[PDB]
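Please read the structure below before turning to the comments.
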Amino acid sequence: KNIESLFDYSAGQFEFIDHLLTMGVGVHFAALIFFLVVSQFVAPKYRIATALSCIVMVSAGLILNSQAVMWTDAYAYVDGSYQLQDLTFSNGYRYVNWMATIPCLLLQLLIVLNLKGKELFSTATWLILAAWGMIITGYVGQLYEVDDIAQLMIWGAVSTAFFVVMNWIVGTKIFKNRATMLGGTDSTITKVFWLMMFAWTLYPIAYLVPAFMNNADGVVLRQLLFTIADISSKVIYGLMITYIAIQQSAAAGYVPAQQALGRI
Ligand SMILES: *C/C=C(C)/C=C/C=C(C)/C=C/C1=C(C)CCCC1(C)C
Ligand SMILES: CCCCCCCC/C=C\CCCCCCCC(=O)O
Ligand SMILES: CCCCCCCC/C=C\CCCCCCCC(=O)O
Ligand SMILES: [Cl-]
Ligand SMILES: [Cl-]
Ligand SMILES: [Cl-]
Ligand SMILES: [Cl-]
């Protein structure tokens with residue numbers, strides 16, 4: 001069902017994909033240690049936002065690790081190239097994991113936006129429903145990336161509709177609650193919005209790779225786009241969320257935050 005199964009891979013193509021996934025594991029678990037240590041400098045009001053980054057680091061890191069082992073399990077060097085064996089490789093597990101990681105990325109944004117109570121519960125509910133609609137329709141579409149490209153594009157259009165509506169909720173909440181943010185993070189949160197628009201858009205681009213580059217080099221390109229998008233949407237994004245959480249904690253008088261920012 002996946003275009004990965006259609007091709008043999010040169011030693012260079014196979015080893016580069018292996019190193020891309022392995023490097024992605026190292027980056028996420030290295031960042032995990034950072035968010036863990038820094039969490040003690042976050043005020044209790046925002047500490048959930050930094051803990052969610054730790055949850056995203058292990059969740060994304062485990063999928064990248066699972067993809068890397070599946071990649072080496074599925075292919076062996078036979079007659080001068082890496083060829084498919086018994087076990088299969090698939091990108092579908094990324095979609096299943098997004099069902100958990102995307103709500104975590106959205107929740108930590110709502111936390112540093114100083115949303116509370118019923119507006120927090122209502123906004124998160126609509127964001128998660130829009131995200132799940134996007135992921136499920138996209139998962140169904142990529143099942144047809146070999147057998148029915150036309151069906152992959154129609155499911156992608158439905159998924160893009162959820163994507164655009166989700167981004168409109170995110171943008172509306174950011175620019176409406178930007179005024180409530182402390183320590184100059186009202187400026188920083190606008191860059192987080194544009195980082196999200198850039199990084200999250202890489203995923204539909206990779207989703208369309210079977211339509212404009214259905215060959216072994218397109219397989220490499222898709223994993224490369226996934227690596228750029230994962231690092232930007234989770235690691236860099238989490239580093240900006242954590243900075244915003246620390247800066248607002250210090251502005252609100254949290255002494256550990258003031259001492260942490262003061263020592264650097
Ligand atoms: C850390 C993982 C993230 C931020 C995943 C983001 C996923 C998306 C933004 C989903 C994108 C899709 C569309 C925009 C329509 C085509 C199918 C979906 C999955 C790829
Ligand atoms: C924040 C951005 C993170 C970027 C992560 C990717 C880092 C490595 C990127 C690729 C460099 C180009 C590698 C050359 C590809 C060789 C083609 C091939 O033989 O398959
Ligand atoms: C084993 C696979 C390769 C492992 C590579 C290890 C290198 C990881 C490098 C950094 C990952 C990002 C985490 C850095 C924490 C924040 C850095 C900062 O505060 O500027
Ligand atoms: Cl607090
Ligand atoms: Cl507080
Ligand atoms: Cl993920
Ligand atoms: Cl073959």
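Ordered as shown in the structure tokens, chains take letters A, B, and onward, while each chain numbers its residues from 1 and ligands are numbered from 1 in the order shown.
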
List every residue of chain A that has an atom at most 9 Å from any atom of ligand 5, giving for each one its closest atom pair and the distance in Å to one decimal, counting only C-alpha atoms and all ligand atoms, sorted by chain and then by ascending residue number, as a tab-separated table.
residue	atom	partner	partner_atom_place_in_ligand_line	distance
A:42	CA	ligand 5	1 (Cl)	8.8
A:43	CA	ligand 5	1 (Cl)	5.2
A:44	CA	ligand 5	1 (Cl)	5.9
A:45	CA	ligand 5	1 (Cl)	5.2
A:46	CA	ligand 5	1 (Cl)	7.8
A:248	CA	ligand 5	1 (Cl)	8.8
A:249	CA	ligand 5	1 (Cl)	6.4
A:252	CA	ligand 5	1 (Cl)	6.2
A:253	CA	ligand 5	1 (Cl)	7.4
A:254	CA	ligand 5	1 (Cl)	6.5

- residue 261 of chain A surroundings by only C-alpha atoms, 9 Å radius, close-in-sequence under 2 positions cut, as a count of residues only: 10

Within 6 Å of ligand 1, which residues of chain A come that close, and what is the closest atom pair and distance in Å for each? Count only C-alpha atoms and all ligand atoms and give it as a tab-separated table.
residue	atom	partner	partner_atom_place_in_ligand_line	distance
A:98	CA	ligand 1	2 (C)	5.7
A:102	CA	ligand 1	4 (C)	5.7
A:135	CA	ligand 1	19 (C)	4.9
A:138	CA	ligand 1	17 (C)	3.7
A:156	CA	ligand 1	16 (C)	4.3
A:159	CA	ligand 1	15 (C)	4.4
A:160	CA	ligand 1	15 (C)	4.4
A:163	CA	ligand 1	14 (C)	5.3
A:200	CA	ligand 1	9 (C)	4.3
A:201	CA	ligand 1	9 (C)	6.0
A:203	CA	ligand 1	11 (C)	4.9
A:204	CA	ligand 1	20 (C)	4.1
A:207	CA	ligand 1	20 (C)	5.3
A:230	CA	ligand 1	1 (C)	5.2
A:233	CA	ligand 1	4 (C)	5.3
A:234	CA	ligand 1	1 (C)	5.6

With C-alpha atoms retained, write the just-selected residues as a short mmCIF file (atom, residue, chain, number, x, y, z; two decimals), in the first residue's frame.
data_model
loop_
_atom_site.label_atom_id
_atom_site.label_comp_id
_atom_site.auth_asym_id
_atom_site.auth_seq_id
_atom_site.Cartn_x
_atom_site.Cartn_y
_atom_site.Cartn_z
CA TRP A 98 -0.16 12.23 15.69
CA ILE A 102 -0.72 16.97 18.00
CA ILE A 135 -5.24 12.94 10.91
CA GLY A 138 -5.07 11.82 5.97
CA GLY A 156 -6.07 15.06 1.26
CA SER A 159 -7.89 16.69 5.51
CA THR A 160 -6.64 20.09 4.33
CA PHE A 163 -6.03 21.66 8.70
CA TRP A 200 3.10 21.85 9.85
CA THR A 201 2.74 22.60 6.12
CA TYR A 203 3.53 17.29 6.31
CA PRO A 204 0.98 17.66 3.45
CA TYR A 207 1.94 13.40 1.85
CA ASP A 230 9.45 16.88 13.22
CA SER A 233 7.30 21.40 14.94
CA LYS A 234 8.36 19.59 18.13
#

Could you give me the residues within 7 Å of ligand 3, counting only C-alpha atoms and all ligand atoms, as a PDB file with N, CA and C atoms, in the first residue's frame?
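Written out: out_30.pdb:
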ATOM      1  N   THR A  22      17.692   7.775  12.807  1.00  0.00           N
ATOM      2  CA  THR A  22      18.499   7.643  14.017  1.00  0.00           C
ATOM      3  C   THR A  22      18.880   9.008  14.579  1.00  0.00           C
ATOM      4  N   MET A  23      19.269   9.944  13.708  1.00  0.00           N
ATOM      5  CA  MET A  23      19.591  11.288  14.174  1.00  0.00           C
ATOM      6  C   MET A  23      18.368  11.964  14.781  1.00  0.00           C
ATOM      7  N   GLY A  24      17.185  11.701  14.220  1.00  0.00           N
ATOM      8  CA  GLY A  24      15.968  12.254  14.792  1.00  0.00           C
ATOM      9  C   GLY A  24      15.690  11.731  16.188  1.00  0.00           C
ATOM     10  N   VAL A  25      16.020  10.460  16.439  1.00  0.00           N
ATOM     11  CA  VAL A  25      15.872   9.903  17.782  1.00  0.00           C
ATOM     12  C   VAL A  25      16.793  10.626  18.755  1.00  0.00           C
ATOM     13  N   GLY A  26      18.047  10.835  18.350  1.00  0.00           N
ATOM     14  CA  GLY A  26      19.004  11.470  19.240  1.00  0.00           C
ATOM     15  C   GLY A  26      18.637  12.904  19.571  1.00  0.00           C
ATOM     16  N   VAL A  27      18.111  13.640  18.588  1.00  0.00           N
ATOM     17  CA  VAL A  27      17.738  15.032  18.822  1.00  0.00           C
ATOM     18  C   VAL A  27      16.579  15.121  19.807  1.00  0.00           C
ATOM     19  N   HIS A  28      15.575  14.252  19.657  1.00  0.00           N
ATOM     20  CA  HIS A  28      14.395  14.345  20.513  1.00  0.00           C
ATOM     21  C   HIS A  28      14.707  13.933  21.946  1.00  0.00           C
ATOM     22  N   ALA A  30      17.737  14.038  23.309  1.00  0.00           N
ATOM     23  CA  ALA A  30      18.615  15.062  23.863  1.00  0.00           C
ATOM     24  C   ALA A  30      17.812  16.263  24.343  1.00  0.00           C
ATOM     25  N   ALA A  31      16.827  16.695  23.549  1.00  0.00           N
ATOM     26  CA  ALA A  31      15.952  17.782  23.976  1.00  0.00           C
ATOM     27  C   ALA A  31      15.107  17.381  25.179  1.00  0.00           C
ATOM     28  N   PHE A  34      16.768  18.303  28.262  1.00  0.00           N
ATOM     29  CA  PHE A  34      16.752  19.747  28.471  1.00  0.00           C
ATOM     30  C   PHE A  34      15.437  20.201  29.093  1.00  0.00           C
ATOM     31  N   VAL A 235      10.744  20.091  18.420  1.00  0.00           N
ATOM     32  CA  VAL A 235      11.914  20.479  19.202  1.00  0.00           C
ATOM     33  C   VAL A 235      12.046  21.997  19.260  1.00  0.00           C
TER      34      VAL A 235
END

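Taking atom CA of residue 52 of chain A and atom CA of residue 238 of chain A as endpoints, the distance between them is 8.7 Å.
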
- Task: Find the residues near residue 66 of chain A: any atom within 10 Å, counting only C-alpha atoms, skip ones fewer than 2 places away on the same chain, and give them as a ChimeraX atom specification.
- Result: /A:21-22,25,60-64,68-71,93-94

Cut-off 7 Å: closest chain A/ligand 2 atom pairs per residue, using only C-alpha atoms and all ligand atoms, as a tab-separated table:
residue	atom	partner	partner_atom_place_in_ligand_line	distance
A:12	CA	ligand 2	19 (O)	4.8
A:13	CA	ligand 2	20 (O)	4.1
A:16	CA	ligand 2	20 (O)	5.8
A:20	CA	ligand 2	6 (C)	6.8
A:217	CA	ligand 2	20 (O)	6.7
A:220	CA	ligand 2	20 (O)	6.1
A:224	CA	ligand 2	6 (C)	6.4
A:227	CA	ligand 2	5 (C)	5.6
A:228	CA	ligand 2	3 (C)	4.5
A:231	CA	ligand 2	1 (C)	5.7
A:232	CA	ligand 2	1 (C)	5.7

- Have a look at A:88, A:167, A:215, A:180 and name the one nearest to residue 75 of chain A; count only C-alpha atoms. A:88

- Item | Length of the atom CA of residue 101 of chain A to atom CA of residue 55 of chain A vector [Å] |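 Result for atom CA of residue 101 of chain A versus atom CA of residue 55 of chain A: 8.1 Å, one decimal.
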
- Would you please give, as a PyMOL selection string, all residues of segment 3-237 of chain A that DSSP assigns to strand (DSSP E or B) based on the backbone? chain A and resi 9+75-78+81-84
